[PDB]
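Chains A and A', in that order, are what the protein sequence lines are. A prime marks a further copy of an entry chain. Sequential numbering from 5 applies to the first sequence in PDB author numbering. Sequential numbering from 5 applies to the second sequence in PDB author numbering. Remarks on the structure that follows.
Protein chains: 2
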Amino acid sequence: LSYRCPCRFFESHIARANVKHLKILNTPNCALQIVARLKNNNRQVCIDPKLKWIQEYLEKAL
Amino acid sequence: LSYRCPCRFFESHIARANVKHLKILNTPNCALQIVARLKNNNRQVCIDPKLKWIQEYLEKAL
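Now the structure itself:
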């Protein structure tokens, strides 16, 4: 139904250069909260929360 | 023109409970990179990168 967590699967190889932004969803019920909107095709995909470059990218935004 | 950084002003008092998600824009040219989509009215606003609860919210998402 409408009750499924929005991220079923995630991508593990997205390049920072290909991200327009990261969206961090306020979904405590769910295991996967990070979404990227991609530059090359304006697609939204869910991202591996262990993706190498994410921690520094978020830190730097603060 | 189209060359202005997207965040001119920011909000400093947004409640976490009222955020659907945070968007962290990949805009190194710009000083303000954090946007929230609000629960009460589906508006997007730019947020104070010093907002008390943001650091923990992002940390927890990783």
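Backbone N, C-alpha and C fix where the C-beta goes; we use that ideal spot for every residue, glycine too.
- With the rule of 3 Cβ pairs closer than 8 Å, the region 8–16 of chain A does not count as touching the region 16–27 of chain A'.
- Taking the C-beta atoms as reference points, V23/A is found no nearer than 9 Å to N45/A'.
- Look at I18/A: its C-beta is not under 9 Å from any C-beta on chain A'.
- Bounds of any beta strand (DSSP E) do not take in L55/A, whose DSSP letter is neither H nor E.
- For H25/A, the beta-bridge partners assigned by DSSP are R41/A and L29/A'.
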